[PDB]
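A short worksheet on the structure shown next.
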Amino acid sequence: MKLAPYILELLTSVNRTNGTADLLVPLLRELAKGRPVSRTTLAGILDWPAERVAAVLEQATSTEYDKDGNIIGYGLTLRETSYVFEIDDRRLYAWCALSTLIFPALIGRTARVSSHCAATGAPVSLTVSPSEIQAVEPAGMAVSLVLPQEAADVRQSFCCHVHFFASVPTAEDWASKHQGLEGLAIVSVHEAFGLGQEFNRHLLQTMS
Ligand SMILES: [Br-]
Ligand SMILES: [Cu+2]
């Protein structure tokens, strides 16, 4: 299907201010180590003042902090979700199915992804590298997409509707009872991975 609207709105939804893309990739790489990330650590990596880091994060209202005020969640998170995202010996989580397909390229590591079908509860899993997916189980795994909203919190307007499913027919059956959602579509996990590659390619072309 035509994916340009999804790419555009996701980029827009993500791109709220300058420096967001330049902040996003190092933050993801830090979170991937499996521990909370301090703003000062980010500042050192970026060679930014801490106030600049704070300003960018302030506009990302979905951002999760722990009791120490350190960053524990931004697309990738230490707080449990339905989407398990493992790198090496560290179990992380992701906010949505598409997230798990996009992050490995941005952090430059292969991830073991697992979840459950949103319609049947069946376990689903796959291996996601920066360049390809492997070990897709079950092989016909599907993903639901909706059109991201620009101003809304990306987590509640997009992520909460973007799931894995055991198969395309199972997902389309589920989708028939989810009317009203703007841009709701069912794609194979392969088409969703391609969507993520296009997203990443555009996102990375905007970094400093
Ligand atoms: Br289009
Ligand atoms: Cu998401």
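First listed ligand is number 1; within each ligand, the first listed atom is number 1. The first residue of the sequence shown is numbered 1, and numbering continues consecutively from there.
Within the protein, the N, O or S atoms lying under 2.8 Å from the Cu ion (ligand 2) are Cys96 SG, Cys159 SG.
Inter-residue side-chain proximity for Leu23 and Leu42 is flagged as met; some heavy-atom pair is nearer than 4.5 Å.
Heavy atoms only, all atoms of each residue included: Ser82 and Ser115 are closest at O-OG, 2.8 Å.
More than 12 heavy atoms of other shown residues, nucleotides or ligands fall within 6.0 angstrom of atom CD in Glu132.
A salt bridge does not link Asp66 to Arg79: none of the charged nitrogens lies less than 4.0 Å from a carboxylate oxygen.
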Carefully, step by step, assess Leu8 and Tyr6 under the rule side chain to side chain contact (heavy atoms under 4.5 Å, CB included).
-> CA-CA 5 Å; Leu8 175 59; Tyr6 297 86; over 6 Å; no

Ignoring hydrogens and angles, write down the donor-acceptor pairs under 3.5 Å from the side chains of residues 92-101, residues two or more places apart or on other chains.
from	atom 1	to	atom 2	distance (Å)
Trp95	NE1	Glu64	OE1	3.0
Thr100	OG1	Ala97	O	2.7

